[PDB]
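Taking it in order: structure first as structure tokens, then the write-up.
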4 protein chains.
Amino acid sequence: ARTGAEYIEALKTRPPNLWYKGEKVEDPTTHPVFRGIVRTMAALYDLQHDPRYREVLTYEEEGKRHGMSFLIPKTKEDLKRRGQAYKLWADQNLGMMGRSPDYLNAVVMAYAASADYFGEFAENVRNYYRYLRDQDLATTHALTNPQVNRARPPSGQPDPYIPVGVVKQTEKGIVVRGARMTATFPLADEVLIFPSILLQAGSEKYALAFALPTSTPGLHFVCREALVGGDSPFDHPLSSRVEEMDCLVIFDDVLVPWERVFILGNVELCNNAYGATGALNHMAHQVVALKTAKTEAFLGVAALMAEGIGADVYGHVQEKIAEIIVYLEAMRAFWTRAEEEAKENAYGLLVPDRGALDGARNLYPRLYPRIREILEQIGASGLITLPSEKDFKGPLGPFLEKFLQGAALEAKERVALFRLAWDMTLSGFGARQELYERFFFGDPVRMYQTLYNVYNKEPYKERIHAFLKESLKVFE
Amino acid sequence: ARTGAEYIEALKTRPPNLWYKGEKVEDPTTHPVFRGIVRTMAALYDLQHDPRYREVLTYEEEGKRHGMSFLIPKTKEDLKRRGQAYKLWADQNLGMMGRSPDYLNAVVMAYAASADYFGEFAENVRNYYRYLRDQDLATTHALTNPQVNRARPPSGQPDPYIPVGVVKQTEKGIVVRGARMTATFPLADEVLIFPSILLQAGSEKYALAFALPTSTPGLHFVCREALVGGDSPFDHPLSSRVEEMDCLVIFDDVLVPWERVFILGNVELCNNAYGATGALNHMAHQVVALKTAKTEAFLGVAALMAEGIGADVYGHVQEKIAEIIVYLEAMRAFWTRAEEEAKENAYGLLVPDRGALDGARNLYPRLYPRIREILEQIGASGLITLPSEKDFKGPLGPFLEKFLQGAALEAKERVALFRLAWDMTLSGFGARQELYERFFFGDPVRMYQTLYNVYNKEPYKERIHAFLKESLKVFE
Amino acid sequence: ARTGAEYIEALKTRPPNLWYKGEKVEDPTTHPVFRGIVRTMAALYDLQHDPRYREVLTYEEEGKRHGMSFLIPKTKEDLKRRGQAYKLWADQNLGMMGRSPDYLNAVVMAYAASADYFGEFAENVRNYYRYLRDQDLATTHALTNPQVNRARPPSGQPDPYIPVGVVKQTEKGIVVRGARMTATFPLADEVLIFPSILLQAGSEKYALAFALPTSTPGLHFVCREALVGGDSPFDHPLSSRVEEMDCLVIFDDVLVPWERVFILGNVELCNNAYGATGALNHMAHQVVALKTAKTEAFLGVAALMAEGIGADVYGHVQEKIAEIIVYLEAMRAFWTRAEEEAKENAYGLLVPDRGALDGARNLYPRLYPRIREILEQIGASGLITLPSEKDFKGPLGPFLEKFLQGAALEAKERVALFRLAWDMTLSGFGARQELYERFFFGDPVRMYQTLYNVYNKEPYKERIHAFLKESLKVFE
Amino acid sequence: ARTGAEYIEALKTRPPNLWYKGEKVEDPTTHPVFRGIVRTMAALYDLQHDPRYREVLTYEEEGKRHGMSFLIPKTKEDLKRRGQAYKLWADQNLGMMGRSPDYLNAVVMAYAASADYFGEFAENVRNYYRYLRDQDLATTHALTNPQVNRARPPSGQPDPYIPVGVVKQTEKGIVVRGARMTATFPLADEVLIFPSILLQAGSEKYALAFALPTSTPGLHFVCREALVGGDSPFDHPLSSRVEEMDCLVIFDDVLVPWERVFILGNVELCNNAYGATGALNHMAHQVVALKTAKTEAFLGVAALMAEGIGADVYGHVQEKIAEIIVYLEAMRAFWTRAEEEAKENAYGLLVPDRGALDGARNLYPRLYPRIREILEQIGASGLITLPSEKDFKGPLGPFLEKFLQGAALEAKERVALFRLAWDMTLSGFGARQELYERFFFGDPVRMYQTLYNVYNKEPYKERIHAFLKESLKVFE
Ligand SMILES: Cc1cc2nc3c(=O)[nH]c(=O)nc-3n(C[C@H](O)[C@H](O)[C@H](O)COP(=O)(O)OP(=O)(O)OC[C@@H]3O[C@@H](n4cnc5c(N)ncnc54)[C@H](O)[C@@H]3O)c2cc1C
Ligand SMILES: Cc1cc2nc3c(=O)[nH]c(=O)nc-3n(C[C@H](O)[C@H](O)[C@H](O)COP(=O)(O)OP(=O)(O)OC[C@@H]3O[C@@H](n4cnc5c(N)ncnc54)[C@H](O)[C@@H]3O)c2cc1C
């Protein structure tokens with residue numbers, strides 16, 4: 001298990017090939033745009049060594065101690081342990097960090113347990129898993145193709161190499177060219193180029209699955225406009241520390257060593273990789289715990305805002321808070337059933353129930369925009385009446401302590417709270433979180449179509465056919 | 001455990017004091033408006049003796065066999081058993097029967113287990129429970145006051161005796177006068193006059209809880225417009241058999257024997273009766289199983305309609321069906337967590353988790369109108385293109401078999417299916433189900449306000465206060 | 001202009017070929033299922049002769065007086081006159097009659113004014129218009145194909161003649177075979193078999209437009225389950241008089257005289273018929289006036305229910321009523337702009353603005369379900385606490401007058417009001433109205449796709465391109 | 001009519017008492033946070049002198065030329081002229097500037113026309129109007145009290161002088177102390193301290209209406225966190241120029257000259273000021289034109305995004321764009337009816353219809369969040385894949401031109417478009433716009449309650465009572 005210091009030194013020594021506003025980022029650990037999130041990830045690693053949480057965040061195996069997200073669960077009790085680790089980490093950042101490495105460790109863990117799925121590349125998968133686990137490395141991933149012409153398949157874009165495709169194969173590995181649309185949290189040692197959108201037949205050239213060090217020659221991470229509001233924790237409680245960053249990933253004829261290839265030219269293997277291995281189940285397990293943590297944060301802020309300005313006496317405000325409570329319980333329920341109904345898949349890997357997890361990941365994207373709206377409706381103008389800590393420390397401070405106090409709440413505490421509520425909803429950082437919740441697991445339109453097609457609807461149709469027998473009997 | 005024949009004979013011998021369109025109903029077992037639901041309840045009782053289900057629907061105790069809804073659960077396994085019985089009964093009628101007796105047996109069972117709550121009337125409660133259980137009697141209940149002037153409390157209506165109040169107390173019992181707004185499924189042996197809406201202080205005269213035989217002199221059940229469409233199972237698949245009926249309950253100076261009094265003149269005892277005894281938890285447990293069954297029925301019909309007319313090839317139709325699947329899984333999740341997180345209350349009675357059940361009963365009333373809308377959007381004009389079995393048996397039958405066939409679906413089967421979908425949504429029977437789901441457990445406005453006030457919001461507020469410490473530290 | 005007596009005698013003398021539950025309807029003017037709506041239509045015709053409304057409902061021309069819906073408008077003032085007639089008729093039935101003949105007269109009027117559109121069949125159209133106008137006949141229409149396999153076009157159904165197609169052409173006319181899915185209000189003298197869903201190319205055999213007397217040999221109207229609750233105006237205020245009925249229309253090798261053919265074998269002419277002639281504009285004009293009347297009815301009932309039970313003192317109830325007011329004003333606005341922005345089409349016919357009307361007909365289907373929901377949320381249990389006038393006239397009458405009174409509202413008036421609210425929302429009649437509003441003008445999915453494709457989006461895209469010039473200038 | 005240069009010189013010479021992060025802003029025309037919006041307002045003033053728009057934006061009167069927003073309309077034609085000026089100005093900034101001065105000029109214009117309303121202060125009002133008009137000054141306003149304890153009235157806060165109240169009256173004027181919660185666009189010469197939230201009786205001390213130069217001693221504007229993303233028009237197309245800023249307004253014993261007092265100690269006069277004068281009608285007229293412009297901007301961007309990435313071929317995307325079209329038409333309809341149904345008020349001032357305007361201002365706050373959501377659903381990940389113009393100008397430029405091109409759309413144009421869509425929805429600037437639309441005209445909860453209480457619901461209730469006469473007749 002890594003310490004924060006080890007993670008920081010690794011990024012400083014071998015930084016990912018990041019670019020920000022036309023310039024290469026030489027040291028993300030000190031760069032104004034990245035130092036905050038780096039410090040945050042470091043804190044997650046340090047927590048693994050805190051006496052109070054060591055048993056929750058790590059497990060011992062043959063003299064070594066590994067992060068819980070690497071544990072291949074054999075019992076429901078093991079699943080619960082993984083869930084508690086997901087939750088503890090999520091709580092540290094109010095569920096605002098959506099791409100912490102444990103999400104991808106769940107994927108790799110499942111891939112390894114179900115390694116036979118990958119055939120000749122099975123050992124590569126098992127070895128890669130052990131590598132990430134032993135070194136406790138941080139990962140990032142990019143699964144979607146560039147949004148160019150969505151009316152056409154990967155092979156029908158303006159260029160054959162817009163999506164990541166194989167240029168050639170050599171004795172050392174494969175050379176790839178193209179790009180992936182989005183990679184969140186590029187402050188990692190490794191990047192996973194795994195499957196994502198159901199590949200249409202005839203996409204062999206793009207049917208790939210591999211992993212590479214983020215410093216690989218030819219690999220570039222082009223970062224989008226930064227959303228770090230500033231470094232003041234008072235003024236920017238969340239964006240100053242949890243801005244994970246999103247980036248376009250470019251592959252300029254990058255060489256991928258054979259040992260890092262997991263899938264090559266197999267459309268079907270790519271399309272069923274997450275489902276067959278159980279990676280989908282485990283990554284969705286991290287997600288449900290994460291969204292439960294996120295909803296708990298919104299509930300706390302909503303309750304404090306309402307109490308703070310005396311709006312809690314109004315029935316409709318109480319109802320809005322109760323709505324968040326209902327959603328919180330819904331997510332807790334999905335989480336509980338996902339673990340309780342867990343069963344082993346074809347490779348003997350225990351996986352949390354897909355019915356419950358598909359429910360959770362397809363419902364939350366609909367609930368989040370409403371939870372966000374609720375905070376807006378409760379806070380109203382208080383959400384934009386945001387003087388800075390500098391204003392409180394300035395000449396008008398005394399006036400602000402009088403006009404911005406709440407009901408039995410001092411002004412500084414009030415503004416600190418509303419600055420947080422604002423950062424969770426209306427700052428560039430907060431607003432991005434909404435788009436993220438709507439799309440990170442996929443496009444709802446296609447996710448729902450996928451659920452329709454994979455779900456076993458037969459039992460229900462059969463019960464209706466049985467019920468209708470009495471109807472058709474009138475013709476006998 | 002009662003047989004259907006015993007239930008039918010009991011109603012025939014001592015029928016409830018029902019009134020329909022100005023006339024007394026002498027025999028509900030043969031009356032056109034009630035014979036259907038009576039036959040349906042009888043079938044539920046008969047199922048308890050079917051070899052295939054006897055172990056699911058009943059339990060043995062000291063030489064006797066009782067209905068599962070009377071079982072005082074001591075373990076989570078016992079809770080699961082109660083849940084399976086709720087579900088099996090619910091499935092028989094596609095979750096369309098909302099007031100089957102097991103819902104109220106759950107209430108009485110909890111009242112009995114937590115009998116100490118009722119003080120001097122504790123033995124009355126325990127004895128009443130044993131009575132209902134031993135005779136396996138059917139019950140109905142009326143908890144709300146007449147909707148007259150909602151701007152005023154029970155003691156501020158046009159008359160002091162509009163709501164049910166105590167006129168006087170004698171050596172034999174109490175005399176009550178007034179009325180209860182609604183009682184669903186009056187085809188029962190007993191009626192429960194228990195608490196409902198939080199009684200405002202100073203309502204001692206109305207703070208009552210008692211039970212009476214439905215044939216009690218002075219007791220009247222005034223039934224509303226019947227929604228039985230007809231007796232043909234083809235033409236009216238549901239209304240011909242599951243029309244439970246709703247009625248206003250009048251008390252014309254009715255005498256309530258002391259042995260049937262459970263609460264008298266105690267406002268606080270009335271207000272906390274369901275929560276303290278665990279009746280709320282257990283009755284909500286029956287509800288979540290019931291709504292899961294109901295959602296399964298809608299899923300089956302939606303899938304069959306879409307497949308039947310070839311609408312399933314359209315993405316948005318698949319998405320609508322997937323939405324029902326998400327809601328189905330949400331209800332299953334609440335059900336699972338309610339049982340898994342169960343704990344004993346103050347009286348030692350194991351009760352399903354209130355967090356999960358409050359989530360389920362406050363979310364479903366919002367989901368149901370949408371599930372209903374989905375069926376409407378899928379079926380479109382097919383939902384009103386409803387010829388009768390008589391049309392198929394008539395001269396134009398051959399034409400109908402050609403014009404109303406579906407995709408690989410014969411016309412008679414198609415119409416039988418759409419007649420069912422229509423009866424579940426647009427017939428008077430179907431539309432009532434929507435209003436029922438929106439309000440049976442209470443007014444959402446007040447249910448949400450109640451949830452806000454009872455829920456422990458402190459842990460979440462505390463986590464936010466802890467997170468904000470760093471914000472306030474900038475002033476040190 | 002026809003009188004009610006003339007309409008009644010016409011239906012009695014030459015009744016439409018209606019079928020109800022396997023039997024031919026010999027006299028719809030006395031049949032229990034149809035006499036109510038017949039009486040209602042008759043009343044609309046009689047209103048044309050009422051001194052108070054003669055100037056609003058009719059116009060004089062060359063010694064004759066015709067119904068306003070036949071007026072070919074030459075000025076905006078004329079458009080306003082047509083609108084006032086639509087509104088006055090709509091108000092008589094609280095906007096619950098959706099297929100009153102003036103809707104189709106608007107279509108025929110536009111077809112006639114733009115008769116050149118039909119080429120060689122132009123005179124047939126002009127003559128047919130004069131016929132309907134002079135005799136002031138009632139019409140019904142059926143535009144959609146049988147819902148069999150929606151995954152395939154009209155020519156790809158289980159049989160080539162499921163949709164109405166031409167079997168052969170003779171010296172006397174064309175012989176057609178097939179069926180139309182739905183025709184509402186079949187209590188008419190004539191049936192219009194006009195285009196509806198955009199016909200896919202290669203559907204020449206189905207590209208038809210003609211009209212026939214409803215008594216034509218081989219023509220059959222198969223009625224669906226009746227929704228007439230009863231004849232008591234107290235018990236069934238709306239269904240006893242406004243149940244228009246829906247039916248499947250069968251064509252058993254029906255002969256269509258050449259003089260009644262308006263379009264034959266021309267796919268493109270069918271697809272653009274409503275838009276090019278202005279029929280779409282005028283029929284949508286009747287619709288916006290109708291929905292304004294309907295919303296006014298719901299506003300009145302909602303306000304009376306809330307006031308009646310004292311629920312109007314609650315803020316959220318006031319907000320719900322205000323929501324209906326907002327929707328009412330939205331419809332009034334669309335109506336006003338539709339008339340004020342009217343311009344002449346390619347044939348010189350003044351047509352109300354399509355932008356405003358497309359807005360109204362695509363927005364109301366979304367607003368209506370909410371308006372209906374609002375009534376449900378306001379009335380709650382009062383909507384199913386529906387004793388009959390027979391109960392008030394019976395032994396328990398005195399009790400009902402006490403328990404069902406409202407706030408300063410007598411019991412009989414209260415129940416009459418709630419019986420109406422119920423009939424507008426939850427009776428079979430009321431629930432059907434919801435499905436009707438969602439689909440009568442077409443499937444929202446396709447209506448919205450149609451709006452996207454016909455709307456001129458260029459001005460807005462051009463303004464954005466102009467705004468972005470400054471953005472691209474940074475590269476100069 | 002002012003020129004941009006004159007406005008800039010005025011702010012430079014006598015700047016408003018603005019504060020940003022603890023420091024006084026000495027020159028808002030050059031300050032990084034304010035120079036953008038100042039330049040934008042200046043451009044609006046300069047447009048008044050453009051030959052192409054002079055006739056639209058100004059009118060001549062007795063040798064002078066004034067801004068159209070000052071025109072006291074005498075005819076509907078005059079109302080139309082005011083509307084066209086509102087629209088032309090709104091279009092310049094895509095409807096993103098919500099507090100341009102013409103909104104408040106409408107208020108002052110109405111106050112002046114209805115000056116008799118103010119009694120002894122009538123001449124002050126008339127004179128103030130002429131002052132603003134003649135000098136064509138810019139105004140800002142603050143109408144709400146500090147959000148401290150919303151459970152109590154203005155006189156029940158932690159201090160009597162939290163809200164703005166009169167300390168004393170002297171021969172020179174009144175001295176006020178307290179604060180107003182929010183003032184948007186403080187880059188003005190004058191600030192209007194007018195009424196807002198219905199004052200509870202007994203608030204005489206707070207019942208005020210006056211205006212002051214923004215440089216008045218003791219007056220302070222405390223600005224919130226700035227949302228200007230940067231100065232690059234490519235990177236921040238909107239926030240670089242339309243960030244109006246919001247601020248808390250402090251009154252440290254400010255002296256208000258008697259000539260600038262319009263209402264003093266009159267609760268009722270304050271509560272009915274906007275309605276009685278017609279200010280509400282005219283300010284809402286500017287708003288409907290503004291929101292129409294805003295919706296046109298969103299329609300253009302949505303259409304361009306969809307076309308740009310080839311998403312327009314998908315039905316659901318077309319439907320989403322059509323939804324925006326429906327909302328656009330709804331706003332156009334409200335605007336048209338507001339002008340067409342205009343009538344003179346009690347003071348002879350022609351005012352646009354309140355029914356239509358109340359519909360528009362209570363509906364748009366519900367429509368805007370959906371319009372914003374639609375852009376999010378169309379753009380998806382493209383909304384956060386935002387490289388900078390600096391990235392295009394850097395080493396990776398060539399790669400970006402390949403991977404970020406769209407369907408027949410070059411990469412630079414594509415990113416410029418998505419940067420705009422992002423700035424309109426997800427940047428701090430964009431997200432604030434959502435909160436602004438939800439609340440600028442007031443709290444929807446109270447706005448809807450206000451509409452319920454002011455609307456004449458009698459005609460509709462009367463029509464229902466008339467319809468129910470037939471129901472009650474069954475008892476005769
Ligand atoms: C904040 C954020 C963070 C993210 N983080 C990551 C990450 O860390 N790693 C990663 O791999 N991905 C990440 N993503 C990408 C995310 O998974 C995608 O946005 C999502 O899968 C949708 O794909 P898209 O963005 O290409 O949508 P697009 O399809 O490009 O968007 C336009 C679409 O048009 C419609 N459409 C397009 N094609 C079809 C079709 N075939 N059928 C029907 N409708 C269609 C869709 O409804 C949608 O409106 C992130 C996204 C966001 C917004
Ligand atoms: C089909 C159906 C079946 C039912 N079956 C049963 C049954 O079997 N047994 C039984 O006991 N009950 C039954 N009920 C009654 C049901 O529990 C009630 O409808 C529900 O509790 C709401 O009470 P109400 O109907 O009196 O609502 P009301 O309050 O009478 O309705 C008007 C209300 O105005 C508002 N309002 C009123 N008072 C307040 C307030 N104090 N604060 C805020 N808002 C307020 C509410 O939002 C609602 O709009 C049934 C109801 C229905 C519709």
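A note on names: the letters A, B, ... follow the listed sequences, proteins ahead of strands, and every chain is numbered from 1.
Using a 4.5 Å heavy-atom cutoff, the side chains of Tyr452(D) and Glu319(C) are not in contact. No side-chain heavy atom of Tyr448(C) sits less than 4.5 Å from a side-chain heavy atom of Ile325(D). Looking only at side-chain heavy atoms (C-beta outward), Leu94(C) and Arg463(D) come within less than 4.5 Å of each other. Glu323(D) is listed as a side-chain neighbour of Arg366(C), based on a closest heavy-atom distance under 4.5 Å. Between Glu413(C) and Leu468(D), every side-chain heavy-atom pair lies at or beyond the 4.5 Å cut-off.
Distance alone, capped at 3.5 Å, places no donor-acceptor pair between the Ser471(D) side chain and the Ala416(C) backbone. Although no hydrogens or angles enter the test, the distance criterion places no donor-acceptor pair under 3.5 Å between the side chain of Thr336(D) and the main chain of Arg337(C). Looking at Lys461(D), its side chain never comes within 3.5 Å of a backbone N or O of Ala302(C) through a donor-acceptor pair.
The residue among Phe475(C), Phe392(C), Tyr327(C) with the most heavy atom pairs within less than 4.5 Å of chain D is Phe475(C). In terms of heavy-atom pairs under 4.5 angstrom with chain D, the leader among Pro459(C), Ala338(C), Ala330(C) is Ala330(C). Chain D forms the most heavy-atom pairs under 4.5 Å with one residue out of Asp235(C), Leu363(C), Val317(C), and that residue is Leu363(C).
With a threshold of 4.5 angstrom between heavy atoms, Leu238(C) approaches chain D through side-chain atoms but not through N, CA, C or O. The contact between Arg241(C) and chain D is made entirely by side chain atoms (from C-beta outward), counting heavy-atom distances below 4.5 Å. The part of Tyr455(D) that comes within reach of chain C is its side chain, from C-beta onward, which places non-hydrogen atoms under 4.5 angstrom from that chain. Both the backbone and the side chain of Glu296(C) come within contact range of chain D, each with at least one heavy atom under 4.5 Å from a heavy atom of that chain. Looking at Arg419(C), there are no atoms closer than 4.5 Å to chain D (heavy atoms on both sides), in backbone or side chain. Using a 4.5 Å cut-off between heavy atoms, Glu340(D) contacts chain C through its side chain alone, with no backbone atom that close. At a 4.5 Å heavy-atom cutoff, the contact between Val445(D) and chain C is made by backbone and side-chain atoms alike. Proximity to chain D (any heavy atom under 4.5 Å) is restricted, for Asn453(C), to the side chain, taken from C-beta onward.
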Review point. Run the side chain to side chain contact (heavy atoms under 4.5 Å, CB included) check on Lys412(D) and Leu472(C) step by step: do they pass?
Key: CA-CA 7 Å; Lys412(D) 288 177 177 177; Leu472(C) 288 299; 4.0 Å; yes
Exercise for review: Begin with the C-alpha distance, continue with both residues' side-chain angles, and end with the deciding distance and a verdict on side chain to side chain contact (heavy atoms under 4.5 Å, CB included) for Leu417(D) and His465(C).
Suggested key: CA-CA 9 Å; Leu417(D) 172 62; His465(C) 276 152; over 6 Å; no
Practice item. Test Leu304(D) against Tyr460(C) for side chain to side chain contact (heavy atoms under 4.5 Å, CB included), laying out the working first. Key: CA-CA 9 Å; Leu304(D) 286 178; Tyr460(C) 319 107; over 6 Å; no
Point to revise | Check against side chain to side chain contact (heavy atoms under 4.5 Å, CB included), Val474(C) and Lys393(D) | key: CA-CA 10 Å; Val474(C) 304; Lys393(D) 294 177 179 178; 4.2 Å; yes
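Between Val326(C) and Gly359(D), the closest heavy-atom pair is CG1-O, 3.8 Å. Between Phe467(D) and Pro237(C), the shortest heavy-atom contact is CE2-O, 3.7 Å.
Atom NZ of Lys390(C) has 12 or fewer neighbouring heavy atoms from other residues, nucleotides or ligands inside a 6.0 Å radius.
The residues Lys457(D) and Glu307(C) are annotated as not salt-bridged, no charged nitrogen and carboxylate oxygen being separated by less than 4.0 angstrom.
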